[PDB]
Structure formats: structure tokens, C-alpha cells
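What follows is a short report on a single structure.
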Ligand SMILES: Nc1nc2c(ncn2[C@@H]2O[C@H](COP(=O)(O)OP(=O)(O)OP(=O)(O)O)[C@@H](O)[C@H]2O)c(=O)[nH]1
Ligand SMILES: [Mg+2]
């Protein structure tokens with residue numbers, strides 16, 4: 001129940017505002033900046049502000065914070081969802097999120113803001129569907145918005161029917177300073193770029209553990225996803241009945257399904273790091289990285305971020321394989337490796353200077369983060385079984401899919 | 001890469017080196033530095049801070065950073081341990097009660113893991129009174145031979161005369177430079 | 001080719017499950 | 001299929017070597033298609049196995065079945081899930097329609113000795129589907 005959706009800037013200037021209910025005066029935006037400054041300066045800064053009886057709940061974008069004032073007991077989750085939808089629409093329409101487009105795309109921005117939400121209740125949020133009614137360079141609205149299928153425009157025709165899938169893996173590992181892993185969660189991500197003719201009804205099929213158990217084949221390699229979240233095109237009833245994933249893919253790249261389950265396997269990379277930091281004299285970085293992943297897989301662009309001392313200067317690196325660079329902006333040792341064969345072992349010996357004068361305040365212990373991205377590797381063992389592309393006209397589809405394994409929340413706690 | 005310029009510089013002398021000046025107050029450190037730099041016995045007030053000078057000899061610029069022996073300045077020697085290549089210790093044989101304090105200070109300064117490549121340089125200061133010991137009794141009392149992985153050299157210099165400075169400089173040059 | 005694993009064609013359905 | 005013919009003797013020898021009773025990761029061949037085995041493909045494989053021999057009358061074992069499924073997947077790209085048998089006790093029919101191979105007793109269904117027996121009626125009659133309609137959906 002947002003009262004007015006407004007967009008501010010880094011200097012507190014409201015780039016664009018769009019009142020929805022009008023129950024809040026437009027002059028309350030002035031106190032938002034001082035309130036945010038006070039909250040941040042006292043540790044009480046939160047995305048949901050409160051100017052007396054009016055609450056300013058908003059998130060920070062790339063260049064401006066989309067703060068939306070509200071007065072009643074509106075759904076904060078609904079406001080956040082509307083803000084996320086607006087951000088996604090802006091990203092789809094504008095390739096960049098900065099002040100250069102707010103002052104240059106106001107003609108289309110105002111129309112999009114007016115059409116998206118009326119009286120604080122949004123009605124349309126599909127960028128592809130909205131692109132047929134609001135353009136910056138107007139006919140009747142398409143029947144897709146009025147029809148049930150609001151994510152697949154009818155009448156789309158293409159020379160070929162090629163759909164590219166992306167089985168993106170996110171390896172998140174939370175290794176404590178004692179050497180044990182606390183949080184090891186792997187979240188699957190099946191992103192497909194559907195480009196076909198008509199309105200095909202995709203019928204995705206995989207070797208799911210639940211599906212295998214229901215069919216009676218619960219003995220082969222099946223992915224046991226704790227959480228499986230289908231997209232808007234995925235029918236909830238079909239998945240709830242017999243694990244049937246039947247939905248109409250949209251025109252373009254979109255997120256269809258996102259598996260999420262815990263992982264009980266050993267880490268694909270084992271990092272043995274040592275810190276021989278002398279008292280204001282010198283420091284040693286005996287970092288050894290062992291690849292526990294399969295030897296047939298190569299981790300392209302391995303980036304093991306090693307947090308070095310903040311005041312360290314005049315450093316020397318004694319490594320084995322991979323480029324090691326210290327970035328003063330980041331204040332860490334970037335263990336950059338181009339290609340890492342599975343089972344490889346990289347040993348490094350850090351040596352950097354330290355000032356005699358001690359630091360005035362503590363800086364903490366940032367965790368060591370690895371940025372390994374090994375494609376063509378499926379740690380979870382989930383493999384796509386079938387993809388039923390059915391069209392009324394009748395055509396031979398050529399679906400495609402790729403499996404990419406990368407490091408997600410793969411942070412290692414320091415000692 | 002090309003090192004022709006480095007070879008040309010080394011053909012006529014390029015190495016300079018560094019040096020340190022530490023020790024107790026009234027140990028002849030300022031007078032020794034003045035004699036090494038100028039060549040005269042200059043009388044100065046006690047070194048509240050420190051003195052920095054350079055000595056040009058044998059085509060090597062021996063920069064010396066004098067450090068006082070004040071109680072409030074004893075723990076301040078760690079500031080000069082960074083980017084330090086040499087270290088010279090001046091003993092005070094005329095203070096029997098201060099000999100133990102000087103030995104303790106030298107042991108504490110030698111117990112640093114950053115100052116490990118600095119070889120020992122013991123200078124027998126105040127070599128003008130009959131009460132001064134020899135070049136071995138002081139070393140035996142201080143146990144300089146028990147410094148593992150440390151190259152110590154005991155040299156006796158007279159502040160009033162200046163004898164033995166050339167021998168100490170030659171020994172320091174031989175220890176630092178390992179060429180012809 | 002493409003970084004992150006070469007694209008592979010997918011099946012139509014579980015042929016072994018009828 | 002020259003590759004299938006070549007792999008049949010080695011697969012049979014490996015199955016015979018294994019008695020009837022180390023690397024981590026799941027590497028995938030780049031560009032190799034992966035899909036469930038089809039009824040026609042299963043029938044052709046059963047006919048080839050019957051003609052070549054080594055599968056009919058062989059003692060059924062979990063290790064031998066796993067090795068055969070892995071070899072079939074490597075040589076054809078078929079997932080090792082269509083080589084399933086109906087639960088015992090007694091004769092177990094193939095789970096995938098079109099398969100001509102079945103397990104029959106040779107003497108708890110787990111301790112019962114089973115051997116692979118050719119059955120041409122499997123490719124035409126869905127015995128496994130009729131026995132377990134719920135499993136077939
Ligand atoms: N007359 C005489 N006095 C000496 C001799 N050697 C050392 N001293 C005494 O040692 C002191 C040396 O002081 P400086 O050379 O100016 O500096 P320093 O050795 O670092 O002593 P502080 O300034 O107190 O740290 C002099 O004041 C002398 O009293 C010597 O050979 N003859
Ligand atoms: Mg002095």
C-alpha cells in the first residue's frame with residue numbers, strides 16, 4: 001500500500017517521484033536524507049525508514065535509493081516486490097542504472113511508472129509484455145496482459161526453434177577458522193533463453209529423487225533438492241500433483257527453476273593457509289590450495305581472495321602456479337588462476353613488510369573467498385532427462401543446455 | 001632486460017650500504033660519529049632525540065643513524081629496525097654498574113625476529129682510562145660468542161685519539177661486501 | 001565453444017518411463 | 001554399431017570376472033547427448049545381447065548390472081535408469097518398455113538368486129507397467 005514511489009540520488013535529490021495514493025505530503029522527502037544520515041551514523045540505519053506517521057521503506061539501487069513513502073499498515077513485502085519488479089523493468093529497458101538515464105529517459109519513465117502501479121497496487125510487471133505498450137521511440141494493449149498467459153506473447157515467430165539452457169551451480173561453503181565447514185549450501189539455477197515460434201508448453205523432465213522414488217527408480221543418481229522454486233510460467237498445481245513441470249517458456253532469457261539443497265560432500269578446493277605475522281616486523285602467508293574436485297574438470301578463472309594486512313607494504317610473493325596480485329583498493333591478495341586442473345595443488349609463501357607503529361583501531365578478520373568457476377561440472381549429480389516442447393502448429397525443437405559450476409558463498413573464515 | 005648501466009656504475013663504484021648507531025648515553029656515540037664524519041672531538045649536549053649522518057669511504061656511503069641511550073628512548077630503537085641493513089653497538093666499559101644494563105639492552109635488541117641480517121658490530125668506547133678492559137674480557141662478559149647466526153666483531157677505539165677506526169671500517173666493509 | 005561448459009542438447013521426455 | 005560390438009566382449013568379460021554376490025565428481029562428455037533409453041533402442045540392445053550372448057543365463061548381480069549400465073551410457077549416452085527390474089519375489093520384469101531382458105529365479109527377494117533371461121514378449125506386453133501402474137504414472 002505504497003503512497004508515493006520516488007527515486008532519490010546520492011546527494012539526496014529526488015530524481016523522480018510518482019505519487020500513488022497522495023496521503024503523504026511531497027515535502028516529507030526532505031527529512032528522509034537527515035533521517036538516513038542519523039540512522040547510519042548511529043548504527044540504526046535500515047531500508048525501512050519512518051518520518052513520524054509516514055514510513056519510508058526503500059532499497060538502495062546502483063546509483064539511487066528507491067524510497068517509497070507509506071502511511072497505513074501496508075505490506076512491506078509487497079512494497080519490496082514492487083521495487084524489485086520496477087528495478088528489473090528498468091534494467092530490461094535501460095542497460096545501466098545511473099543518474100544519466102533518469103534525467104534522459106523521463107518521458108518513458110513517467111509513462112512506465114503510471115502504467116505499472118495505480119493507487120499503490122501494481123498490475124503489470126513483465127518487461128517483455130510492457131515493451132509492447134510503452135516505448136521511448138501507442139496502440140491498444142496486448143491481449144497477453146488481459147489473458148491468463150501474461151509471460152508469453154502470442155504470435156511470436158522465428159526462423160529456427162533453439163532454446164539454450166544454463167544449469168548454473170553456486171557452491172557456497174562456510175568454513176570456520178577451526179577448519180570445519182559450517183554452512184555448505186548449493187543452490188541450483190536453471191536459466192533458459194527460450195527462442196521459439198508460437199507459444200510452446202515446455203515439459204521439463206529431470207532425474208529428481210522424489211520423481212525417481214514415485215516412479216520406482218529410486219536407485220540411480222538423483223538430485224535431492226531441498227527447495228525447488230519454479231518460475232511464474234511453471235504451474236504450481238502440476239508440480240504439486242505428480243512433480244510435473246509443465247509451463248510455457250517466455251521469449252528470451254528467464255529463470256524457470258532454482259533448486260536449493262544442502263551439500264554433504266567434501267569441498268572441491270581445500271585451502272591450507274598459514275599466517276606467520278611477526279609483531280610489527282614481517283608476515284608469512286603459507287597458503288596451500290588443494291583441488292578436491294574431479295581431475296577431468298578444470299576451474300576456469302580461479303580467484304582465491306586472500307585478505308592481506310591493511311597496512312602491509314613492500315610485499316613479495318613466492319607462489320607455485322597462478323598470478324598473485326595485491327590490490328590496494330581491496331587490501332587483499334588476489335590468487336588469480338586462469339586454469340586449474342582438477343586435483344591440482346598450488347602452494348604460496350607470502351612475505352610483506354609492516355610499519356613499526358601499530359594501528360590505532362582494529363580492522364577485523366575478513367574471510368578468504370575463492371572465485372573458482374569450473375564449467376561442465378555437476379557436483380549435485382542432477383542431469384536433465386527430457387524437455388517436452390509441444391506446439392499446436394507442430395515443429396521440431398532443438399533444445400540446448402549447459403552446466404556451469406562456479407563458487408558462490410565460498411568464503412573461508414580466517415584464524 | 002639490460003644491466004649495462006648497472007655494470008657501468010659498478011665499474012667505478014655503486015654500492016653505498018648503511019649503518020646504525022646505538023648504545024647507552026654518554027658512551028661516545030656522538031663523539032665517534034663526529035670523528036668519523038668530520039674528524040674532531042665535538043662536545044655536545046646529551047642526545048634527546050637522534051643524529052643522522054653519512055660517511056663516504058671506499059666508495060661506499062655509510063649512513064649512520066645515532067640513537068641515544070635514554071630510558072624513555074630505549075624502547076624507541078624498534079623504529080629504526082625497519083629498512084635497516086647495519087648495526088653498530090658501542091659499549092661503555094667505564095660504567096661497571098651500567099655494563100649489565102647495556103648487556104641486557106643488547107640482548108633485548110638482539111631478540112627481534114626482524115633484525116636478523118644485521119651483523120654484530122661491537123665498538124670498545126672510552127679506550128682512554130686504565131680501568132677499561134681488553135677486547136676479550138668485555139666480549140666474554142657479554143657472551144658475544146653465544147650469538148648463533150650472528151657475526152660479531154670487537155674493536156677498541158679511543159675517542160680522544162681515533163685509533164682503530166680504520167680497522168673497524170675495513171672489517172665492516174669486508175663483512176658487508178663479499179667481492180674483490 | 002563457450003566458457004562454462006559447451007551447450008548440450010536435451011531430450012524430450014523420459015523414454016524409459018513410457 | 002562397431003563401438004557397441006567392440007564394447008560387448010569387454011563388457012561381458014568384466015561382468016563374468018565380477019562375482020555374482022575412488023574418483024569424485026560427475027564429469028560429462030562435452031556435446032555428448034544425454035537422454036533416457038527409448039523402447040526401440042532398448043529392443044535393439046536386447047536383440048544384440050541375445051545374438052552375441054553372455055547376457056542370457058548370466059547370474060544377476062548389482063555390480064554386473066551397474067557395469068553394464070555404465071558401459072551402455074558411455075557408448076550411447078543413455079541414462080542408467082531404464083535398466084530397472086520389478087520387485088520380487090519371483091520373476092522381475094524390466095521397468096522400461098521394450099527391454100527383452102528379465103530376471104527369473106535360478107534355485108526374501110533380496111537373497112533369491114536371479115539370472116538374466118531373454119523374453120521377446122517384454123517388448124510387446126508391458127508386464128512391469130501392468131504389475132505397477134502407479135510406478136508408470
Ligand atoms: N674526555 C673524554 N670523554 C669521553 C671519551 N669517550 C667518551 N667520553 C664521554 O662520553 C660522552 C659522549 O657524548 P657524545 O659523544 O656527545 O654523545 P653520546 O655518546 O651518544 O652520549 P649521549 O649524547 O648522552 O647519548 C662525552 O660527553 C664524554 O664525557 C673520551 O675518550 N675522552
Ligand atoms: Mg650522542
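Ideal geometry is used to build each Cβ from the backbone, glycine not excepted, and the neighbour counts take in all protein chains shown. Only the coordinates and a few stated rules stand behind these numbers; no lab work does.
Note on residue B:104/residue B:54: beta-carbon distance plugged into 1/(1 + (r/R0)^6) with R0 of 51 Å gives a FRET efficiency of 0.95.
Only beta bridges with both residues in chain B are counted; by DSSP, about 35 percent of them are antiparallel. Taking the three principal axes of the alpha carbon atoms in chain A, the coordinate ranges are 73, 63, 38 Å, sorted in descending order. Residue by residue along A:205-218, Cβ atoms of other protein chains within 10 Å of the local Cβ number 4 on average. Separation of the range D:73-91 and the range A:100-130, taken as the distance between their Cα centroids, equals 54 angstrom. Net length available on complete extension from residue A:97 to residue A:13 is 28.6 nm, with 0.36 nm assigned per residue and the Cα-Cα distance removed.
If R0 is 30 Å, the Cβ-Cβ spacing of residue D:50 and residue C:1 corresponds to a FRET efficiency of close to 0.15. The range A:306-338 and the range D:31-56 have Cα centres lying 55 Å from one another. Ordering of A:54-60, A:358-364, B:6-12 by packing is A:54-60, B:6-12, A:358-364, highest average first (other Cβ atoms within 10 Å, averaged per residue). In whole angstrom, note down how far apart the Cα centers of the range A:1-43 and the range A:196-252 are. Taking the Cα centre of each part, the range A:1-43 and the range A:196-252 sit 43 Å apart. Take each residue of peptide A:8-20, count the partner chain Cβ atoms within 10 Å of its Cβ, and average: the result is 0.
Among A:370-382, B:66-78, sorting by the average number of other beta carbon atoms lying within 10 angstrom of each residue, highest first, gives A:370-382, B:66-78. Given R0 = 41 Å, the distance between the Cβ atoms of residue B:116 and residue A:365 translates into a calculated FRET efficiency of 0.90. Label positions at residue B:3 and residue B:140, each projected 7 Å from the Cα along the C-beta direction, are separated by 4.7 nm.
Among the residues of D:34-42, the average count of other protein chain beta-carbon atoms within 10 Å of the residue beta-carbon is 5.
Of the peptides A:301-312, B:17-28, B:95-106, the order by per-residue mean of other Cβ atoms within 10 Å, starting with the highest, comes out as B:17-28, A:301-312, B:95-106. Placing pseudo-labels 7 Å out from each Cα toward the beta carbon at residue B:147 and residue D:1 gives an inter-label distance of 8.1 nm.
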